[PDB]
């Protein structure tokens, strides 16, 4: 992706969008109990911790565009993927506004605890002023779909969250593009059923992990991904995508039966406008972070990308022997013969993608189940039942979370959640965690899950 122009809001007539500049994060009662080196992300240009210009840092992610149209490797990649999806028989028909707005069995309702985006957010209009759980009223929606129409600009906010110290120094906070509720509704109406299908079928047919539950999914992945594992990280995946990958997406949609009216919406997320503070700017390429379908479209593109890269980098690739699961930019994949990602990465650079060794390795090494990660979790076979696989969230990470809170009122829930993640690392690590938590007065006041009970409940899931 790449910024095409920047204009002041006076010149575009777009309402200023301002977001909070102070973090909700505060050190917790456990801050000094556990070691960690993340802090709240820079939210403001005059952050003492800065070492670079904030705004230049923020937008440096739009590295530019290389390809704009599909070459023949990408076309072939598209069609191989699209043919694979066909067996799922996605209903290409349009979802009703009621279901799009209020949800189904395989699609959660539009989040009403969350901004309504442009222009409501600057008009003081929240989602709850237009939508109602109990009424399932769509009447007000319709009136506004007409009043403000579609393709409204995304509202740019900085993400309040913990970042590594190096990232706080270098101003590399992350950005979210709040979608207008109008575009969310319409995108959900156009692709709601695809959403449903993908949520219901995490695995190697969708080539997507959206909808998975790591507690149980982790045991299938070595059966779903037979043979030689490969994986790698992307730097700035979303923003790095060139318009060709959106053309590529269009070809997949067409091939599985979407109308041209439907397919035409892809260009409306390849080419987007955004309001950050007092300015309007244009982005060509780049997945808009907070559009409806972000995770699914990113996963789908990632499936195209991996196929294209394989058949361009190597001779004799049989795409049918590829297995992969993506979650956005995150990937785990397998092939009957080991795939050298150094080479894939070289090819990826010609496509505008920056690919790095899995897990901040210094160089491209072998990926095996013993060191693979996915959704930040490792893979650790249970000692008693080796076919049952623990997702292992590293205690290091968990230590980062517990050292802060956005509201110490919810400490109990927060700690319990961490424990639910922690225990997979085993008894000795888990009790080490627990007794460190007990080492502090609030800690002794918390209900902490018993290990054996966690384990026993885990086994019973199978």
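We call the rigid core whatever largest set of C-alpha positions still superposes within 1.5 Å between the two forms. Positions refer to the first chain, counted from 1.
*Would you mind working out which of 79 to 87 and 352 to 360 sits farther from this form in 5 other deposited structures of this protein by RMS C-alpha distance, with the rigid core as the fit?*
Stretch with the higher C-alpha RMS distance in 5 other deposited structures of this protein: 352 to 360.
*Stretch with the higher entry mean CA B-factor, where the candidates are 171 to 179 and 145 to 153*: Mean B over CA atoms: larger for 145 to 153.
*With respect to the recorded C-alpha B factors, which stretch has the higher mean value, 383 to 391 or 97 to 105?*
The deposited B-factors put 97 to 105 ahead on the C-alpha mean.
_Member of 46, 424, 432, 403 with the greatest C-alpha B factor (per the PDB record)_ = That would be 46.
*Which one of 376, 279, 220, 80 shows the top CA temperature factor in the record?*
Among 376, 279, 220, 80, the highest C-alpha B-factor in the entry belongs to 279.
*Ranked against its chain, the third holding the CA B-factor of residue 23*: Within its chain, residue 23 is a middle-third residue by C-alpha B-factor, going by the deposited values.
*Taking the chain's C-alpha temperature factors as the reference, tell me which third residue 6 falls into: lowest, middle or highest.*
Ranked within chain, residue 6 CA B lands in the highest tercile.
*asked:* Please place residue 453 in the lowest, middle or highest third of its chain according to the CA B-factor in the PDB entry.
replied: Ranked within chain, residue 453 CA B lands in the middle tercile.
*For residue 397, the third of its chain into which the C-alpha B factor falls*: According to the entry, residue 397 has a C-alpha B-factor in the chain's lowest third.
_What third of the chain does residue 350 rank in for C-alpha temperature factor, lowest, middle or highest?_
Middle third, going by the recorded CA B-factors of the chain.
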